[PDB]
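Data first, discussion second: the structure below is written as structure tokens.
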Protein chains: 4
Amino acid sequence: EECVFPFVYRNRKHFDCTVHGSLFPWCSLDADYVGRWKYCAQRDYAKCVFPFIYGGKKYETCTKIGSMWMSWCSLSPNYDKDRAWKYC
Amino acid sequence: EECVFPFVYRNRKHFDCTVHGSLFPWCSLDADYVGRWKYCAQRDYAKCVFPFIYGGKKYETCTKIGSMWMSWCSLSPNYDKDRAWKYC
Amino acid sequence: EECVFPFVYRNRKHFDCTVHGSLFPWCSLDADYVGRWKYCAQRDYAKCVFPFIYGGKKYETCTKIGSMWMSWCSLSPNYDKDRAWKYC
Amino acid sequence: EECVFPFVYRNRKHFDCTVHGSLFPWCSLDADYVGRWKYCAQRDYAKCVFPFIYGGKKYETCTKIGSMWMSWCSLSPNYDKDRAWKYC
Ligand SMILES: C[N+](C)(C)CCOP(=O)(O)O
Ligand SMILES: C[N+](C)(C)CCOP(=O)(O)O
Ligand SMILES: C[N+](C)(C)CCOP(=O)(O)O
Ligand SMILES: C[N+](C)(C)CCOP(=O)(O)O
Ligand SMILES: C[N+](C)(C)CCOP(=O)(O)O
Ligand SMILES: C[N+](C)(C)CCOP(=O)(O)O
Ligand SMILES: C[N+](C)(C)CCOP(=O)(O)O
Ligand SMILES: C[N+](C)(C)CCOP(=O)(O)O
């Protein structure tokens, strides 16, 4: 099945596939981990979440604001809160 | 005679042939072990139980979900409860 | 694809899935290993080969001859030569 | 500009963005590195090359064969020769 982001595993919140406790990226099929997980294929990795809030401002695309080198995007609607992100 | 699954032997519940107390896999001929048993041949091993509950969801076939290597199935109607399984 | 039995891997001949160099049973998809392999599902394990030669005699079913406890079968047409077998 | 795959840098052939000589993945803008390069964004990474030769066989799609974890594809027409790949 599909990955559920974010998911909580051992009290740790994940907004993307993780190598936490693994040799290969995996994701939970449930927000609250109950034993269902799978290794991640390219399509399974978390995609940019638009729009997202950063510094109290709304972003509709990848941005260099707050980075100034490589554009990035949030992996949740509110980066200020979750701080989950990835380079684009 | 025929294996009875699950069977209880020395405080352990077995849903398949076991090496519990032996070198070669065996099974009890009674739900509650009372001295009747036999060594398991290929046909004696437990078969998949469908459907089965896993991660609070109903599965009608084997699944690769939750396994680091191969598709598997529960050996009881409720894997979450019994945790008994085999690869497919 | 399908397993090829027997297959040679690092000069070792295998007539069934093996854990040789692995944490889980696997098989080569080519008689002469060239990098193609897969983990084995139940259907992939080597099945009895009938008829098979043992002690210069032909066997059409699993036999206890030469064992006298649990019936077994060869995993190749000529056990005398290959010595590959499994309990039935 | 755009990545050129494969590209040669300091005696190494790269069929995808690389961390060779850096902390962040990059790629040469020329087959033979001559000073033109850029850091890779998601879109810059090499894409699967179909069909590709693997184990002397022709593959038209990604395959789980040969991988301990995930389906993959070659980054060149001949994996046996180049050994360049990526997960799918
Ligand atoms: C980390 N993992 C989810 C890939 C495997 C271990 O899972 P679990 O044994 O904590 O349920
Ligand atoms: C997400 N980021 C680290 C790339 C840039 C924003 O950084 P910060 O202002 O939240 O520290
Ligand atoms: C002896 N042993 C502890 C390894 C296994 C079987 O013990 P028991 O619980 O059946 O008495
Ligand atoms: C534990 N399980 C029944 C969910 C799956 C089998 O686990 P694994 O040992 O193949 O990774
Ligand atoms: C043993 N194995 C085939 C599962 C993996 C290692 O394969 P290889 O690296 O010798 O080609
Ligand atoms: C195959 N076997 C070991 C079960 C019985 C035959 O043994 P052997 O006569 O080849 O030694
Ligand atoms: C320095 N290093 C050996 C770790 C990696 C890069 O070396 P080089 O071959 O590019 O000169
Ligand atoms: C090496 N390969 C390209 C055949 C497959 C990937 O290997 P693995 O590291 O996922 O097991």
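FYI, nothing fancy with the structure tokens labels: chains A, B, ... in order, residues from 1 per chain, ligands from 1 as they appear.
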As a PDB file with N, CA, C and O atoms, in the first residue's frame, please: every protein or nucleic acid residue near ligand 7 (cut-off 12 Å, counting only C-alpha atoms and all ligand atoms).
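Saved file selection-v7.pdb follows:
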```
ATOM      1  N   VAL D   8      33.528  11.713 -17.646  1.00  0.00           N
ATOM      2  CA  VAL D   8      34.754  11.257 -17.010  1.00  0.00           C
ATOM      3  C   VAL D   8      35.360  12.375 -16.187  1.00  0.00           C
ATOM      4  O   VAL D   8      35.553  13.489 -16.673  1.00  0.00           O
ATOM      5  N   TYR D   9      35.638  12.069 -14.926  1.00  0.00           N
ATOM      6  CA  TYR D   9      36.234  13.026 -14.007  1.00  0.00           C
ATOM      7  C   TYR D   9      37.304  12.310 -13.200  1.00  0.00           C
ATOM      8  O   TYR D   9      37.034  11.290 -12.562  1.00  0.00           O
ATOM      9  N   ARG D  10      38.518  12.847 -13.232  1.00  0.00           N
ATOM     10  CA  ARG D  10      39.646  12.261 -12.517  1.00  0.00           C
ATOM     11  C   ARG D  10      39.700  10.740 -12.639  1.00  0.00           C
ATOM     12  O   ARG D  10      39.659  10.019 -11.642  1.00  0.00           O
ATOM     13  N   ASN D  11      39.781  10.271 -13.881  1.00  0.00           N
ATOM     14  CA  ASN D  11      39.881   8.851 -14.196  1.00  0.00           C
ATOM     15  C   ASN D  11      38.688   7.973 -13.856  1.00  0.00           C
ATOM     16  O   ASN D  11      38.780   6.751 -13.960  1.00  0.00           O
ATOM     17  N   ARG D  12      37.577   8.574 -13.447  1.00  0.00           N
ATOM     18  CA  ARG D  12      36.389   7.789 -13.128  1.00  0.00           C
ATOM     19  C   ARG D  12      35.241   8.123 -14.067  1.00  0.00           C
ATOM     20  O   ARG D  12      35.025   9.283 -14.411  1.00  0.00           O
ATOM     21  N   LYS D  13      34.521   7.092 -14.496  1.00  0.00           N
ATOM     22  CA  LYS D  13      33.383   7.274 -15.382  1.00  0.00           C
ATOM     23  C   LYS D  13      32.135   7.344 -14.506  1.00  0.00           C
ATOM     24  O   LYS D  13      31.883   6.451 -13.698  1.00  0.00           O
ATOM     25  N   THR D  18      27.252  12.656  -8.948  1.00  0.00           N
ATOM     26  CA  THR D  18      28.190  12.023  -8.031  1.00  0.00           C
ATOM     27  C   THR D  18      28.681  12.933  -6.910  1.00  0.00           C
ATOM     28  O   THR D  18      28.574  14.153  -7.001  1.00  0.00           O
ATOM     29  N   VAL D  19      29.207  12.321  -5.850  1.00  0.00           N
ATOM     30  CA  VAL D  19      29.763  13.073  -4.728  1.00  0.00           C
ATOM     31  C   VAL D  19      31.285  12.958  -4.806  1.00  0.00           C
ATOM     32  O   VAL D  19      32.003  13.312  -3.868  1.00  0.00           O
ATOM     33  N   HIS D  20      31.761  12.448  -5.937  1.00  0.00           N
ATOM     34  CA  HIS D  20      33.189  12.295  -6.190  1.00  0.00           C
ATOM     35  C   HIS D  20      33.819  13.683  -6.107  1.00  0.00           C
ATOM     36  O   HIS D  20      33.519  14.559  -6.917  1.00  0.00           O
ATOM     37  N   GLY D  21      34.679  13.885  -5.114  1.00  0.00           N
ATOM     38  CA  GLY D  21      35.326  15.173  -4.953  1.00  0.00           C
ATOM     39  C   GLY D  21      34.432  16.270  -4.403  1.00  0.00           C
ATOM     40  O   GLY D  21      34.676  17.449  -4.658  1.00  0.00           O
ATOM     41  N   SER D  22      33.396  15.903  -3.654  1.00  0.00           N
ATOM     42  CA  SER D  22      32.504  16.907  -3.079  1.00  0.00           C
ATOM     43  C   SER D  22      31.575  16.334  -2.020  1.00  0.00           C
ATOM     44  O   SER D  22      31.545  15.126  -1.791  1.00  0.00           O
ATOM     45  N   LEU D  23      30.816  17.213  -1.374  1.00  0.00           N
ATOM     46  CA  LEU D  23      29.881  16.793  -0.339  1.00  0.00           C
ATOM     47  C   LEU D  23      28.478  16.650  -0.918  1.00  0.00           C
ATOM     48  O   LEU D  23      27.709  15.782  -0.501  1.00  0.00           O
TER      49      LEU D  23
END
```
Give me the residues near region 67-84 of chain D as a ChimeraX atom specification, where near means some atom within 7 Å (using only C-alpha atoms) and where sequence neighbours in that chain fewer than 3 positions away do not count. /A:41 /D:15,46-55,62-64,87-88
In region 22-87 of chain B, DSSP helix (DSSP H, G or I) residues written as a ChimeraX atom specification: /B:42-44,79-82
Using N, CA, C and O atoms, can you export the residues from the last selection as a compact mmCIF listing (two decimals), in the first residue's frame?
```txt
# COMPACT_ATOMS: atom_id res chain seq x y z
N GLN B 42 6.73 -32.81 4.60
CA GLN B 42 6.35 -31.57 3.92
C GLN B 42 4.87 -31.22 4.01
O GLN B 42 4.50 -30.07 4.25
N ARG B 43 4.00 -32.22 3.84
CA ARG B 43 2.56 -31.97 3.86
C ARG B 43 1.99 -31.61 5.23
O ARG B 43 0.89 -31.08 5.32
N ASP B 44 2.73 -31.91 6.29
CA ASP B 44 2.26 -31.65 7.65
C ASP B 44 2.34 -30.20 8.11
O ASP B 44 1.65 -29.80 9.05
N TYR B 79 -3.13 -12.30 12.98
CA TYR B 79 -1.68 -12.23 13.15
C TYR B 79 -1.30 -11.26 14.26
O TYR B 79 -0.39 -11.53 15.05
N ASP B 80 -1.97 -10.12 14.33
CA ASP B 80 -1.67 -9.15 15.37
C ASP B 80 -1.71 -9.81 16.74
O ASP B 80 -0.87 -9.54 17.59
N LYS B 81 -2.69 -10.69 16.95
CA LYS B 81 -2.84 -11.36 18.23
C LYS B 81 -1.89 -12.54 18.43
O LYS B 81 -1.19 -12.62 19.44
N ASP B 82 -1.85 -13.44 17.45
CA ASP B 82 -1.04 -14.65 17.54
C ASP B 82 0.40 -14.57 17.05
O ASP B 82 1.26 -15.32 17.52
```
So that I can check the secondary structure, give me every residue of region 11-84 of chain A assigned strand (DSSP E or B) by backbone DSSP, as a list in words.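 Selecting the strand (DSSP E or B) positions of region 11-84 of chain A gives residues 12, 13, 14, 18, 26, 27, 28, 32, 37, 38, 39, 52, 53, 54, 57, 58, 59, 63, 72, 73, 74 and 78 of chain A.
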Find the residue from A:45, A:59, A:24, A:7 that sits nearest to chain B; use only C-alpha atoms when measuring. A:24
Atom 11 (O, counted along the ligand's line) of ligand 6 to CA of residue 58 (chain C): how many Å, to one decimal?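 We find that atom 11 (O, counted along the ligand's line) of ligand 6 and CA of residue 58 (chain C) lie 15.9 Å from each other.
Comparing the minimum interatomic distances between chain D and each of A:61, A:66, A:32, A:40, counting only C-alpha atoms, we find that A:40 sits nearest.
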Give me, as a ChimeraX atom specification, all polymer residues having an atom no more than 8 Å from residue 27 (chain A), counting only C-alpha atoms and skipping those fewer than 4 positions away in the same chain. /A:3-4,7,16-18,37-40
Residues of the last selection are to be written out with C-alpha atoms, as a PDB file, in the first residue's frame.
```pdb
ATOM      1  CA  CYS A   3       3.192   5.338   2.607  1.00  0.00           C
ATOM      2  CA  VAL A   4       1.503   7.550   5.173  1.00  0.00           C
ATOM      3  CA  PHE A   7       3.980   8.481  10.501  1.00  0.00           C
ATOM      4  CA  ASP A  16       9.524  10.745   4.512  1.00  0.00           C
ATOM      5  CA  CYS A  17      10.968   7.278   4.070  1.00  0.00           C
ATOM      6  CA  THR A  18      13.633   6.675   6.695  1.00  0.00           C
ATOM      7  CA  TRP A  37       5.764  -1.067   6.444  1.00  0.00           C
ATOM      8  CA  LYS A  38       7.538  -1.472   3.125  1.00  0.00           C
ATOM      9  CA  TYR A  39      10.821  -0.492   1.526  1.00  0.00           C
ATOM     10  CA  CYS A  40      10.491   2.663  -0.528  1.00  0.00           C
TER      11      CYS A  40
END
```
Just the number, please: distance in Å from CA of residue 28 (chain A) to atom 1 (C, counted along the ligand's line) of ligand 5, one decimal.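 Computing it gives 28.1 Å between the two atoms.
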Using only C-alpha atoms and all ligand atoms, find the one residue out of A:35, A:1, A:25, A:14 that sits nearest to ligand 1. A:35
